[PDB]
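Notes follow once the structure below has been shown.
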Amino acid sequence: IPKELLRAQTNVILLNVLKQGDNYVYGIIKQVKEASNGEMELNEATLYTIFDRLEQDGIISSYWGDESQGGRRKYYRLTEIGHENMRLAXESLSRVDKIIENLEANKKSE
């Protein structure tokens with residue numbers, strides 16, 4: 001499994017974790033490896049590198065959590081631009097699936 005497919009896979013997973021709600025790196029890592037039955041153990045360096053470039057593109061934003069005892073916990077939030085981009089991906093994936101089957105329906109009929 002090459003690096004290009006792996007990085008896209010991680011991005012789609014992180015964008016869905018944040019879609020379900022705000023979260024922090026270590027909370028995301030635990031919930032994903034529990035959702036993957038211990039198979040997918042994401043790494044902090046990969047998550048922060050991805051989150052840094054998504055934050056530049058305005059896809060996500062970050063804020064500091066409660067300091068009651070979490071002396072420094074950075075949460076991440078999917079922006080409205082991020083919600084709209086996922087909604088278009090969304091539309092694009094459904095638009096392609098209709099073309100694909102219509103390609104085969106028109107191919108065997110000809």
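Order determines the names: the first chain of the structure tokens is A, the second B, and so forth; residues in each chain are numbered 1 upward, and ligands are numbered 1 upward as they are shown.
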
Subject >> Who sits within 12 Å of range 69-73 of chain A, only C-alpha atoms, same chain under 4 positions skipped, as number ranges by chain >> reply: A: 23-27, 62-65

N, CA, C and O atoms of the current selection, written as a PDB file, in the first residue's frame:
```pdb
ATOM      1  N   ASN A  23     -12.134  17.456  18.737  1.00  0.00           N
ATOM      2  CA  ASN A  23     -11.309  16.422  19.337  1.00  0.00           C
ATOM      3  C   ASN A  23      -9.865  16.899  19.365  1.00  0.00           C
ATOM      4  O   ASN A  23      -9.494  17.862  18.687  1.00  0.00           O
ATOM      5  N   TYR A  24      -9.056  16.216  20.169  1.00  0.00           N
ATOM      6  CA  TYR A  24      -7.633  16.482  20.292  1.00  0.00           C
ATOM      7  C   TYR A  24      -6.848  15.254  19.846  1.00  0.00           C
ATOM      8  O   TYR A  24      -7.390  14.147  19.761  1.00  0.00           O
ATOM      9  N   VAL A  25      -5.556  15.464  19.575  1.00  0.00           N
ATOM     10  CA  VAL A  25      -4.748  14.462  18.877  1.00  0.00           C
ATOM     11  C   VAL A  25      -4.801  13.117  19.593  1.00  0.00           C
ATOM     12  O   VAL A  25      -5.033  12.073  18.973  1.00  0.00           O
ATOM     13  N   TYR A  26      -4.591  13.120  20.909  1.00  0.00           N
ATOM     14  CA  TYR A  26      -4.520  11.851  21.626  1.00  0.00           C
ATOM     15  C   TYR A  26      -5.892  11.209  21.783  1.00  0.00           C
ATOM     16  O   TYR A  26      -5.993   9.978  21.841  1.00  0.00           O
ATOM     17  N   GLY A  27      -6.954  12.010  21.849  1.00  0.00           N
ATOM     18  CA  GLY A  27      -8.290  11.438  21.832  1.00  0.00           C
ATOM     19  C   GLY A  27      -8.626  10.818  20.491  1.00  0.00           C
ATOM     20  O   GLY A  27      -9.285   9.776  20.423  1.00  0.00           O
ATOM     21  N   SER A  62      -8.202  25.556  15.464  1.00  0.00           N
ATOM     22  CA  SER A  62      -7.800  25.007  16.749  1.00  0.00           C
ATOM     23  C   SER A  62      -8.022  26.027  17.855  1.00  0.00           C
ATOM     24  O   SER A  62      -7.997  27.239  17.623  1.00  0.00           O
ATOM     25  N   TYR A  63      -8.241  25.515  19.064  1.00  0.00           N
ATOM     26  CA  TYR A  63      -8.406  26.346  20.247  1.00  0.00           C
ATOM     27  C   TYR A  63      -7.941  25.555  21.461  1.00  0.00           C
ATOM     28  O   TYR A  63      -7.872  24.325  21.434  1.00  0.00           O
ATOM     29  N   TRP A  64      -7.625  26.278  22.534  1.00  0.00           N
ATOM     30  CA  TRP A  64      -7.155  25.643  23.757  1.00  0.00           C
ATOM     31  C   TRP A  64      -8.328  25.184  24.613  1.00  0.00           C
ATOM     32  O   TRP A  64      -9.308  25.911  24.798  1.00  0.00           O
ATOM     33  N   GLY A  65      -8.222  23.965  25.132  1.00  0.00           N
ATOM     34  CA  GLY A  65      -9.245  23.406  25.986  1.00  0.00           C
ATOM     35  C   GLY A  65      -9.148  23.923  27.409  1.00  0.00           C
ATOM     36  O   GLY A  65      -8.366  24.818  27.737  1.00  0.00           O
TER      37      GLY A  65
END
```

Original post:
Within 9 Å of residue 15 in chain A, counting only C-alpha atoms, which residues qualify if same-chain residues fewer than 5 places away don't, as a ChimeraX atom specification?
Top reply: /A:10,20,59-60,78,82,86

**OP:** Name the residues in contact with residue 13 in chain A at a cut-off of 12 Å, using only C-alpha atoms, excluding same-chain residues fewer than 5 positions from it; report them as a ChimeraX atom specification.
**Re:** /A:6-8,18-20,28-29,31-33,35-36,40,42,47,50,86

Original post:
Hey, can you check how far CA of residue 81 in chain A sits from CA of residue 57 in chain A?
Top reply: 9.4 Å

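Take the candidates A:11, A:56, A:22, A:96 and check each one against residue 76 in chain A using only C-alpha atoms; the shortest distance goes to A:22.
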
Just list the residues in chain A DSSP gives alpha helix (DSSP H) on the backbone, as a compact mmCIF listing (two decimals) with N, CA and C atoms, in the first residue's frame.
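Contents of selection.txt, as written:
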```txt
# COMPACT_ATOMS: atom_id res chain seq x y z
N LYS A 3 2.41 5.28 -0.33
CA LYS A 3 2.28 6.41 0.59
C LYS A 3 1.14 7.34 0.19
N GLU A 4 0.88 7.48 -1.11
CA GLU A 4 -0.16 8.40 -1.57
C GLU A 4 -1.54 7.94 -1.10
N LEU A 5 -1.83 6.64 -1.20
CA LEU A 5 -3.11 6.13 -0.73
C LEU A 5 -3.21 6.17 0.79
N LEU A 6 -2.09 5.99 1.49
CA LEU A 6 -2.11 5.99 2.95
C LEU A 6 -2.41 7.38 3.50
N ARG A 7 -1.80 8.41 2.91
CA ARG A 7 -2.00 9.77 3.40
C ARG A 7 -3.42 10.26 3.11
N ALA A 8 -3.97 9.90 1.95
CA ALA A 8 -5.36 10.24 1.67
C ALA A 8 -6.30 9.51 2.61
N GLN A 9 -6.00 8.25 2.91
CA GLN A 9 -6.82 7.49 3.85
C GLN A 9 -6.83 8.14 5.23
N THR A 10 -5.66 8.58 5.70
CA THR A 10 -5.59 9.22 7.01
C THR A 10 -6.36 10.54 7.02
N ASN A 11 -6.29 11.29 5.92
CA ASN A 11 -6.98 12.58 5.87
C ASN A 11 -8.49 12.41 5.94
N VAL A 12 -9.03 11.45 5.18
CA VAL A 12 -10.47 11.21 5.19
C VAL A 12 -10.93 10.76 6.57
N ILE A 13 -10.08 10.03 7.30
CA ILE A 13 -10.45 9.58 8.64
C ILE A 13 -10.43 10.74 9.62
N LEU A 14 -9.41 11.59 9.55
CA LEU A 14 -9.33 12.73 10.46
C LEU A 14 -10.45 13.73 10.20
N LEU A 15 -10.83 13.93 8.94
CA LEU A 15 -11.91 14.85 8.62
C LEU A 15 -13.27 14.32 9.07
N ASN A 16 -13.43 13.00 9.20
CA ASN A 16 -14.67 12.43 9.72
C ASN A 16 -14.70 12.40 11.24
N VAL A 17 -13.55 12.22 11.89
CA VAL A 17 -13.49 12.34 13.34
C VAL A 17 -13.89 13.74 13.77
N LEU A 18 -13.33 14.76 13.10
CA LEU A 18 -13.67 16.14 13.43
C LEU A 18 -15.10 16.48 13.00
N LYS A 19 -15.62 15.79 11.98
CA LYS A 19 -17.00 16.02 11.56
C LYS A 19 -17.97 15.58 12.65
N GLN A 20 -17.66 14.49 13.35
CA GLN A 20 -18.49 14.01 14.45
C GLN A 20 -18.38 14.88 15.69
N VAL A 25 -5.56 15.46 19.57
CA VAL A 25 -4.75 14.46 18.88
C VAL A 25 -4.80 13.12 19.59
N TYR A 26 -4.59 13.12 20.91
CA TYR A 26 -4.52 11.85 21.63
C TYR A 26 -5.89 11.21 21.78
N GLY A 27 -6.95 12.01 21.85
CA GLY A 27 -8.29 11.44 21.83
C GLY A 27 -8.63 10.82 20.49
N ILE A 28 -8.17 11.44 19.41
CA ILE A 28 -8.39 10.91 18.07
C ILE A 28 -7.65 9.59 17.89
N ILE A 29 -6.41 9.52 18.37
CA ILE A 29 -5.60 8.32 18.19
C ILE A 29 -6.24 7.13 18.90
N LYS A 30 -6.77 7.35 20.11
CA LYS A 30 -7.38 6.24 20.84
C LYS A 30 -8.69 5.81 20.19
N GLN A 31 -9.53 6.76 19.77
CA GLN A 31 -10.83 6.41 19.21
C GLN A 31 -10.69 5.71 17.86
N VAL A 32 -9.66 6.05 17.08
CA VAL A 32 -9.48 5.44 15.77
C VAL A 32 -8.96 4.01 15.90
N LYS A 33 -7.98 3.78 16.79
CA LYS A 33 -7.48 2.43 16.98
C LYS A 33 -8.46 1.55 17.72
N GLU A 34 -9.43 2.13 18.43
CA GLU A 34 -10.54 1.34 18.94
C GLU A 34 -11.56 1.06 17.84
N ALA A 35 -11.77 2.03 16.94
CA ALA A 35 -12.68 1.82 15.82
C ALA A 35 -12.10 0.90 14.76
N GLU A 44 1.39 10.68 16.27
CA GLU A 44 1.17 12.09 16.58
C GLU A 44 1.80 13.00 15.53
N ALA A 45 3.01 12.66 15.08
CA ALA A 45 3.68 13.49 14.08
C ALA A 45 2.87 13.58 12.79
N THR A 46 2.27 12.46 12.37
CA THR A 46 1.45 12.48 11.17
C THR A 46 0.21 13.35 11.36
N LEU A 47 -0.43 13.25 12.53
CA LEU A 47 -1.65 14.02 12.77
C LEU A 47 -1.37 15.52 12.82
N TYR A 48 -0.30 15.92 13.51
CA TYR A 48 0.01 17.35 13.61
C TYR A 48 0.48 17.91 12.27
N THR A 49 1.23 17.12 11.50
CA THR A 49 1.64 17.58 10.17
C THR A 49 0.43 17.78 9.27
N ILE A 50 -0.53 16.85 9.31
CA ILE A 50 -1.74 17.01 8.51
C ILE A 50 -2.57 18.18 9.02
N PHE A 51 -2.72 18.30 10.35
CA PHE A 51 -3.54 19.37 10.91
C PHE A 51 -2.93 20.74 10.64
N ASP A 52 -1.61 20.83 10.55
CA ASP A 52 -0.98 22.13 10.30
C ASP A 52 -1.31 22.65 8.91
N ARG A 53 -1.29 21.78 7.90
CA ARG A 53 -1.60 22.23 6.54
C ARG A 53 -3.10 22.40 6.32
N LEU A 54 -3.93 21.60 7.00
CA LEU A 54 -5.37 21.82 6.93
C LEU A 54 -5.76 23.14 7.59
N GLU A 55 -5.02 23.55 8.63
CA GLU A 55 -5.32 24.81 9.29
C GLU A 55 -4.91 26.01 8.44
N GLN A 56 -3.86 25.86 7.63
CA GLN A 56 -3.48 26.93 6.71
C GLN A 56 -4.52 27.10 5.61
N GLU A 80 -16.63 25.75 8.79
CA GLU A 80 -17.75 25.74 7.85
C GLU A 80 -17.26 25.49 6.43
N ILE A 81 -16.11 26.07 6.07
CA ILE A 81 -15.47 25.74 4.79
C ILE A 81 -15.16 24.25 4.72
N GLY A 82 -14.71 23.68 5.84
CA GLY A 82 -14.43 22.25 5.87
C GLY A 82 -15.68 21.42 5.71
N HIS A 83 -16.79 21.85 6.31
CA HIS A 83 -18.06 21.14 6.15
C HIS A 83 -18.54 21.21 4.71
N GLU A 84 -18.38 22.36 4.07
CA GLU A 84 -18.84 22.52 2.69
C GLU A 84 -17.99 21.70 1.73
N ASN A 85 -16.68 21.64 1.98
CA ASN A 85 -15.81 20.85 1.13
C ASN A 85 -16.14 19.37 1.21
N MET A 86 -16.39 18.87 2.42
CA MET A 86 -16.81 17.48 2.57
C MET A 86 -18.17 17.24 1.92
N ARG A 87 -19.04 18.26 1.94
CA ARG A 87 -20.34 18.12 1.30
C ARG A 87 -20.21 18.03 -0.21
N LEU A 88 -19.24 18.75 -0.79
CA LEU A 88 -19.02 18.68 -2.23
C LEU A 88 -18.39 17.35 -2.63
N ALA A 89 -17.57 16.77 -1.76
CA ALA A 89 -16.88 15.53 -2.07
C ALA A 89 -17.88 14.38 -2.18
N UNK A 90 -18.79 13.76 -1.27
CA UNK A 90 -20.20 14.08 -1.16
C UNK A 90 -20.87 13.96 -2.52
N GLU A 91 -21.12 15.29 -2.97
CA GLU A 91 -21.85 15.37 -4.23
C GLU A 91 -21.05 14.76 -5.38
N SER A 92 -19.74 15.02 -5.40
CA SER A 92 -18.90 14.52 -6.48
C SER A 92 -18.89 13.00 -6.52
N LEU A 93 -18.79 12.35 -5.35
CA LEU A 93 -18.76 10.89 -5.32
C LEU A 93 -20.08 10.31 -5.82
N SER A 94 -21.20 10.93 -5.45
CA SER A 94 -22.50 10.47 -5.94
C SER A 94 -22.66 10.77 -7.43
N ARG A 95 -22.07 11.87 -7.91
CA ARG A 95 -22.16 12.19 -9.33
C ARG A 95 -21.38 11.19 -10.18
N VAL A 96 -20.25 10.70 -9.66
CA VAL A 96 -19.44 9.75 -10.42
C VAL A 96 -20.12 8.39 -10.48
N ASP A 97 -20.73 7.96 -9.37
CA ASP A 97 -21.34 6.64 -9.32
C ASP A 97 -22.48 6.51 -10.33
N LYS A 98 -23.24 7.59 -10.54
CA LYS A 98 -24.31 7.56 -11.53
C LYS A 98 -23.75 7.44 -12.94
N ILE A 99 -22.65 8.14 -13.22
CA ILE A 99 -22.04 8.07 -14.55
C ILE A 99 -21.50 6.67 -14.82
N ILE A 100 -20.95 6.03 -13.79
CA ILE A 100 -20.29 4.73 -13.99
C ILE A 100 -21.30 3.68 -14.43
N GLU A 101 -22.43 3.57 -13.72
CA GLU A 101 -23.41 2.55 -14.07
C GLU A 101 -24.12 2.89 -15.38
N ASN A 102 -24.36 4.18 -15.64
CA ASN A 102 -24.92 4.57 -16.93
C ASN A 102 -23.96 4.27 -18.07
N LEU A 103 -22.65 4.25 -17.79
CA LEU A 103 -21.69 3.85 -18.80
C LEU A 103 -21.86 2.39 -19.18
N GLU A 104 -22.11 1.53 -18.20
CA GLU A 104 -22.27 0.11 -18.49
C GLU A 104 -23.65 -0.20 -19.04
N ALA A 105 -24.68 0.51 -18.57
CA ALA A 105 -26.02 0.31 -19.11
C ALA A 105 -26.08 0.71 -20.58
N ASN A 106 -25.39 1.79 -20.96
CA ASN A 106 -25.35 2.21 -22.35
C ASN A 106 -24.37 1.39 -23.18
N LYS A 107 -23.43 0.69 -22.54
CA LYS A 107 -22.44 -0.07 -23.29
C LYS A 107 -23.00 -1.40 -23.77
N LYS A 108 -23.70 -2.12 -22.89
CA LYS A 108 -24.26 -3.41 -23.28
C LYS A 108 -25.49 -3.25 -24.17
```

Subject >> Per-residue DSSP, chain A, filtered to strand (DSSP E), as a PyMOL selection string >> reply: chain A and resi 23-24+60-64+74-78
